[PDB]
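Structure assessment
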Amino acid sequence: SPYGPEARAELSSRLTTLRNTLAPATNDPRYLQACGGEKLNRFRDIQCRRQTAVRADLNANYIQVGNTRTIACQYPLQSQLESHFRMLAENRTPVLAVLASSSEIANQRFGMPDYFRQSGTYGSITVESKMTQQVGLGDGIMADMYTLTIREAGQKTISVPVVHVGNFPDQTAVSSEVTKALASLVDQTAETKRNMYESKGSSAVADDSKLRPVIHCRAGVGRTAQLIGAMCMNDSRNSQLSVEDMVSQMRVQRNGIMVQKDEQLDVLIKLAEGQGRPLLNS
């Protein structure tokens, strides 16, 4: 009964209501609005919760799901790259997971700058990209890894591990098995980098706002939310956190579209079921 169609329909009912409530009004006080006259949102209907916004000029949010702290963001616009790199650096980012495919990035119509596979200078910030390992995730899906070294006068230099799912399927959802493998890789990568900072006595370890994995696809609501849900289920601190909790939490903390497609919710439900984790709150 817990994972039957009745429970799934009830979960969908609750989540649909929340999406509606969270729909942005014109000039919505709950959502970040552009400053300085620069385009902020990649998609007009996919907005950034103001109270959890990371930077005034990015579509990006702090998200905590149970105990699991991350940042979810859109793929940065060309105009946003310097700010995006400063966010990555200031966060001492232990892993940047990019879930937009190489095909998506290559479509110049989509305006997704190839910012992590290439070196470049963006205003005051110089970025060096290096290729590292490649890890298979299942079903031929491959995680290509990089390190981004971010340099800027007046700032400490920071290197950021990157996990890029370069052949993320463009038209279909990835399986629970691939999602699990991806969550494990992203978590493991973040743990290794966080450990390095701890070993150096970084003050960032004691700051709630820092050392957060940063995750984006194109809009940072579909594949991004699926991954974040799987990561929170990997976190041993999150016993008894329901699927209803995780999705409502992502939604209130970023926008109502988090877990955009039923196909993505299907995967979270399957993962939850595998763990005997509740779908619904009693």
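Analysis parameters
Residues numbered from 1 in each chain as written, not as in the entry; some residues may be left out. Heavy atoms only, no water. Salt bridge = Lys/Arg side-chain N within 4 Å of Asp/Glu carboxyl O. Buried < 20%, exposed > 50% of the residue type's maximum accessible area, 1.4 Å probe, protein only. Pairing = 2+ DSSP bridges. Helix = DSSP H or I, 4+ residues; strand = E, 2+ residues; numbered from the N terminus. Axes fitted to C-alpha atoms, helices over the stretch in contact; angles between N-to-C directions. Contact = heavy atoms within 4.5 Å. 1 Å grid on protein atoms, 1.4 Å probe; cavity = no way out; pocket = protein on both sides within 12 Å on 5 of 7 lines; lining within 4 Å. Points joined across faces, edges and corners; volume = space filled by probe spheres on them. Nonpolar A, V, L, I, M, F, W, Y, C, P; charged D, E, K, R; others polar. UniProt positions renumbered as here; feature names shortened; annotations may be inferred.

1. Some points on the pattern of salt bridges
Within this structure, the stated rule accounts for 15 salt bridges. Note that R237 is salt-bridged to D235, the shortest N-O span being 2.7 Å. Residue class for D235 comes out buried when judged on its relative accessible area of 14%. Linked by salt bridges that have partners in common, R55, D57, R86, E90 and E152 make up one network.

2. With respect to the sheet that holds strand β4 (residues 120-122)
What the 8 strands build is an open sheet, ordered β1-β2-β8-β3-β7-β6-β5-β4; its pairing is mixed. Every interior strand has two partners, whereas the edge strands, β1 (60-65) and β4, have only one. Across the sheet, the mean angle separating the axes of adjacent strands is 30° when strand polarity is ignored. When strand β5 (residues 125-138) meets strand β6 (residues 141-152), the two strands line up antiparallel, connected through 11 bridges. Bridging from a neighbouring strand, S129 pairs with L148 of β6. The sheet strands contacting helix α2 (residues 81-90) are β1, β2 (68-73), β3 (96-98), β4, β5, β6, β7 (158-165) and β8 (214-216), and the helix crosses β6 at an angle near 95°. Relative to the sheet, helix α4 (residues 176-199) contacts β3, β5, β6 and β7, its axis offset from that of β7 by approximately 175°.

3. Re the pairing of β5
Sheet topology note: the β4/β5 ladder contains 3 bridges and is antiparallel. Note on β5: the bridge partner recorded for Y122 is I125. Linkage of β4 to β5, two consecutive antiparallel strands, is achieved through a turn of 2 residues, within which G123 is found at a positive phi near 55°. Linking β5 back to β6 in an antiparallel pair, the connection comprises 2 residues, with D139 at a positive phi of about 60°.

4. Comments concerning the layout of surface pockets
Its volume calculated, the largest pocket comes out at about 490 Å³. Lining the largest pocket are 20 residues, with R69, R194, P213, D235 and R237 sitting closest to its centre. Per element, the largest residue contribution to the lining of the largest pocket is 5 residues, and it comes from α4. Here the lining of the largest pocket is built from residues that sort into 6 nonpolar, 3 polar and 11 charged. Elements represented by at least two residues in the lining of the second largest pocket include exactly α5 (223-234) and α7 (262-275).

5. What about the UniProt feature "active site" in the chain?
Taking the UniProt record as the reference, the feature "active site" is found at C217. By the secondary structure assignment, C217 is in the loop between β8 and α5. Since its relative accessible area comes to 5%, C217 is described here as buried. Once residues lying within four places of it in the same chain are set aside, the contact partners of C217 are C73, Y75, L99, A100, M112, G222, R223 and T224.

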